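Asker: Please see the structure below; I have some questions.
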Amino acid sequence: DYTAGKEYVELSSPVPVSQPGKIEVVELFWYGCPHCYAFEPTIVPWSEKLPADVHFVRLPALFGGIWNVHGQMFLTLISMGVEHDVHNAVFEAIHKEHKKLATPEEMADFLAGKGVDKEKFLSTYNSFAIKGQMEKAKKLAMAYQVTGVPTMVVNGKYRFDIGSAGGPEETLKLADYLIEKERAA
């Protein structure tokens with residue numbers, strides 16, 4: 001009962017998924033995005049309930065400038081295996097504390113207060129591996145043809161957002177439907 005062209009669109013060139021064999025669900029976001037921050041209370045509990053044949057992943061939108069800096073912070077924290085602990089603190093710092101987290105040094109200093117090894121964070125942030133992940137994330141955003149956040153992509157095939165779905169819970173209901181659609185092939 002959803003309609004292609006209305007609540008979601010189908011990408012003419014489907015994008016490969018990060019984990020072959022599971023239905024992918026991507027949330028594209030930016031730590032500095034107030035709507036992304038506001039969406040967290042809805043998308044987190046939902047994501048924790050996803051079944052085992054679904055792979056949920058957050059992808060930072062690398063649209064330039066501060067988005068890229070913040071995105072590089074995200075990727076560095078994921079690589080370090082500590083993003084999920086400090087995830088909420090980063091959002092809180094940017095939106096409630098007015099912290100800019102605009103340079104690697106400001107980031108390290110702040111994250112150290114949250115338990116994150118400063119020396120490892122900085123070495124990782126500047127590593128070739130993270131540079132490759134940034135390159136991939138950029139190309140992905142280009143392939144999804146995403147121009148704002150938060151935006152969802154299901155299985156590299158369907159793009160939608162809170163506006164198109166008609167609200168944050170409606171967005172997840174739409175994701176559920178499209179996950180089911182992809183199961184059916």
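Every chain in the structure tokens has a letter given in the order shown (A, B, ...), and although residue numbers restart at 1 in each chain, ligands are simply numbered from 1 in the order shown.
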Near residue 53 in chain A, within 8 Å and counting only C-alpha atoms, which residues show up once chain neighbours fewer than 6 positions away are dropped, as a CSV table (one decimal) with N, CA, C and O atoms, in the first residue's frame?
Answerer:
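Dumped everything to part.csv:
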chain,number,residue,atom,x,y,z
A,21,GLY,N,23.9,-11.2,1.9
A,21,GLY,CA,23.1,-12.3,2.6
A,21,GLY,C,22.1,-11.8,3.6
A,21,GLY,O,21.3,-12.5,4.1
A,22,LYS,N,22.3,-10.5,4.0
A,22,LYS,CA,21.3,-9.8,4.9
A,22,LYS,C,20.7,-8.7,4.2
A,22,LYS,O,21.4,-8.0,3.4
A,23,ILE,N,19.5,-8.4,4.5
A,23,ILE,CA,18.8,-7.2,4.0
A,23,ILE,C,19.4,-6.0,4.7
A,23,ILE,O,19.3,-5.9,5.9
Asker: Run DSSP on the backbone and tell me which residues of range 79-157 of chain A come out as strand (DSSP E); list them as a PDB file with N, CA, C and O atoms, in the first residue's frame.
Answerer:
ATOM      1  N   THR A 151      18.252  10.142   6.052  1.00  0.00           N
ATOM      2  CA  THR A 151      17.649   9.458   4.925  1.00  0.00           C
ATOM      3  C   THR A 151      17.921   7.987   5.114  1.00  0.00           C
ATOM      4  O   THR A 151      18.997   7.615   5.577  1.00  0.00           O
ATOM      5  N   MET A 152      16.944   7.156   4.772  1.00  0.00           N
ATOM      6  CA  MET A 152      17.112   5.715   4.826  1.00  0.00           C
ATOM      7  C   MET A 152      17.281   5.121   3.441  1.00  0.00           C
ATOM      8  O   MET A 152      16.605   5.559   2.482  1.00  0.00           O
ATOM      9  N   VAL A 153      18.156   4.120   3.350  1.00  0.00           N
ATOM     10  CA  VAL A 153      18.227   3.236   2.195  1.00  0.00           C
ATOM     11  C   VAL A 153      18.088   1.770   2.607  1.00  0.00           C
ATOM     12  O   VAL A 153      18.861   1.273   3.447  1.00  0.00           O
ATOM     13  N   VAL A 154      17.113   1.073   2.007  1.00  0.00           N
ATOM     14  CA  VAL A 154      16.931  -0.350   2.241  1.00  0.00           C
ATOM     15  C   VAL A 154      17.483  -1.152   1.078  1.00  0.00           C
ATOM     16  O   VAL A 154      17.156  -0.910  -0.081  1.00  0.00           O
TER      17      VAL A 154
END
Asker: Would you list the contacts of range 178-183 of chain A as a PyMOL selection string, taking every protein, DNA or RNA residue within 9 Å and counting only C-alpha atoms, but skipping same-chain residues closer than 3 positions in sequence?
Answerer: chain A and resi 23-25+54+154-155+158+173-175
Asker: One decimal, Å: what's the distance from CA of residue 159 in chain A over to CA of residue 131 in chain A, could you say?
Answerer: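 Value for the CA of residue 159 in chain A-CA of residue 131 in chain A distance: 25.9 Å.
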Asker: Can you tell me, as number ranges by chain, what residues are no more than 12 Å from range 80-91 of chain A when counting only C-alpha atoms, ignoring any on the same chain fewer than 6 positions away?
Answerer: A: 29-41, 44, 57-58, 70-74, 97-102, 106-108, 110-125, 129-130
Asker: With N, CA and C atoms retained, write the just-selected residues as a compact mmCIF listing (two decimals), in the first residue's frame.
Answerer:
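Saved as part.txt:
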# COMPACT_ATOMS: atom_id res chain seq x y z
N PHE A 29 23.34 9.96 8.09
CA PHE A 29 23.11 10.97 9.12
C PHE A 29 24.32 11.88 9.24
N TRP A 30 24.17 12.91 10.06
CA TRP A 30 25.30 13.80 10.40
C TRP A 30 25.09 14.12 11.88
N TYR A 31 26.13 13.95 12.69
CA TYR A 31 26.07 14.27 14.11
C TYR A 31 25.49 15.68 14.37
N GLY A 32 25.76 16.61 13.46
CA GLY A 32 25.34 18.01 13.63
C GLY A 32 23.92 18.32 13.19
N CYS A 33 23.25 17.33 12.63
CA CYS A 33 21.90 17.46 12.12
C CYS A 33 20.87 17.37 13.26
N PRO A 34 20.15 18.47 13.54
CA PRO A 34 19.15 18.40 14.61
C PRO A 34 18.04 17.37 14.38
N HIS A 35 17.61 17.15 13.15
CA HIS A 35 16.62 16.08 12.90
C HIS A 35 17.15 14.66 13.15
N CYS A 36 18.42 14.46 12.82
CA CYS A 36 19.10 13.20 13.10
C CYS A 36 19.12 12.95 14.60
N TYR A 37 19.46 14.00 15.35
CA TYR A 37 19.52 13.89 16.78
C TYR A 37 18.13 13.53 17.31
N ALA A 38 17.11 14.18 16.77
CA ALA A 38 15.76 14.01 17.24
C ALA A 38 15.20 12.63 16.86
N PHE A 39 15.70 12.05 15.78
CA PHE A 39 15.28 10.74 15.32
C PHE A 39 15.82 9.59 16.18
N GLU A 40 16.95 9.80 16.86
CA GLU A 40 17.59 8.76 17.65
C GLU A 40 16.67 7.94 18.59
N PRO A 41 15.83 8.62 19.37
CA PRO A 41 14.96 7.92 20.31
C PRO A 41 14.01 6.94 19.62
N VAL A 44 16.75 4.05 17.37
CA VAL A 44 17.56 3.13 18.18
C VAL A 44 16.85 1.86 18.68
N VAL A 57 23.01 -0.35 9.48
CA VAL A 57 24.26 0.39 9.56
C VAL A 57 24.03 1.90 9.44
N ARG A 58 24.78 2.66 10.23
CA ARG A 58 24.76 4.11 10.13
C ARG A 58 25.90 4.50 9.21
N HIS A 70 33.10 15.55 11.00
CA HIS A 70 32.25 14.76 11.91
C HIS A 70 32.09 13.32 11.43
N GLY A 71 32.01 13.15 10.11
CA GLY A 71 31.90 11.81 9.55
C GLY A 71 33.17 11.00 9.79
N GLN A 72 34.33 11.62 9.61
CA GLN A 72 35.60 10.97 9.90
C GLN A 72 35.71 10.58 11.40
N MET A 73 35.20 11.43 12.30
CA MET A 73 35.09 11.06 13.71
C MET A 73 34.25 9.82 13.88
N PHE A 74 33.08 9.78 13.25
CA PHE A 74 32.22 8.57 13.37
C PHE A 74 32.95 7.33 12.92
N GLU A 97 25.38 20.90 24.51
CA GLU A 97 26.51 21.62 25.09
C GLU A 97 27.09 22.69 24.14
N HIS A 98 26.60 22.74 22.91
CA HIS A 98 27.09 23.71 21.94
C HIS A 98 28.57 23.47 21.56
N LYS A 99 29.07 22.25 21.74
CA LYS A 99 30.47 21.94 21.40
C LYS A 99 30.57 21.70 19.90
N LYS A 100 31.63 22.20 19.27
CA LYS A 100 31.70 22.17 17.81
C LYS A 100 32.36 20.87 17.32
N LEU A 101 33.26 20.33 18.15
CA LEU A 101 34.05 19.14 17.81
C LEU A 101 34.55 19.25 16.38
N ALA A 102 35.25 20.34 16.11
CA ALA A 102 35.54 20.75 14.74
C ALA A 102 36.94 20.38 14.27
N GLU A 106 40.23 18.73 19.32
CA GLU A 106 39.06 18.99 20.14
C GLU A 106 38.35 17.66 20.33
N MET A 107 38.25 16.88 19.26
CA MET A 107 37.59 15.60 19.35
C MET A 107 38.26 14.68 20.35
N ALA A 108 39.58 14.51 20.23
CA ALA A 108 40.31 13.63 21.13
C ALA A 108 40.14 14.06 22.57
N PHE A 110 37.75 15.78 24.06
CA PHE A 110 36.39 15.47 24.48
C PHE A 110 36.16 13.96 24.68
N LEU A 111 36.59 13.17 23.71
CA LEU A 111 36.35 11.74 23.72
C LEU A 111 37.15 11.06 24.83
N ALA A 112 38.30 11.61 25.18
CA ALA A 112 39.06 11.07 26.30
C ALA A 112 38.21 11.10 27.57
N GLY A 113 37.42 12.14 27.74
CA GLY A 113 36.55 12.22 28.89
C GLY A 113 35.50 11.12 28.89
N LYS A 114 35.22 10.57 27.72
CA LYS A 114 34.32 9.44 27.58
C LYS A 114 35.03 8.07 27.48
N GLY A 115 36.32 8.02 27.79
CA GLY A 115 37.04 6.75 27.89
C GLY A 115 37.87 6.41 26.67
N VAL A 116 37.70 7.19 25.60
CA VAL A 116 38.37 6.90 24.34
C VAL A 116 39.87 7.27 24.35
N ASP A 117 40.72 6.28 24.09
CA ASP A 117 42.18 6.45 24.03
C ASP A 117 42.55 7.58 23.06
N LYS A 118 43.11 8.67 23.57
CA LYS A 118 43.40 9.84 22.74
C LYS A 118 44.43 9.52 21.65
N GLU A 119 45.52 8.87 22.03
CA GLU A 119 46.56 8.56 21.06
C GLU A 119 46.05 7.62 19.97
N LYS A 120 45.32 6.59 20.35
CA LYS A 120 44.78 5.70 19.33
C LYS A 120 43.74 6.39 18.44
N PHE A 121 42.91 7.23 19.03
CA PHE A 121 41.91 7.94 18.24
C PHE A 121 42.57 8.77 17.13
N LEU A 122 43.57 9.55 17.53
CA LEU A 122 44.26 10.40 16.58
C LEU A 122 44.99 9.59 15.50
N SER A 123 45.70 8.53 15.89
CA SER A 123 46.38 7.69 14.93
C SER A 123 45.37 7.06 13.97
N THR A 124 44.25 6.63 14.48
CA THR A 124 43.25 6.03 13.61
C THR A 124 42.61 7.06 12.69
N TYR A 125 42.20 8.18 13.26
CA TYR A 125 41.62 9.27 12.50
C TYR A 125 42.46 9.60 11.27
N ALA A 129 43.48 3.64 6.44
CA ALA A 129 42.30 2.82 6.47
C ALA A 129 41.06 3.69 6.57
N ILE A 130 41.10 4.69 7.44
CA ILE A 130 39.95 5.57 7.62
C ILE A 130 39.77 6.42 6.37
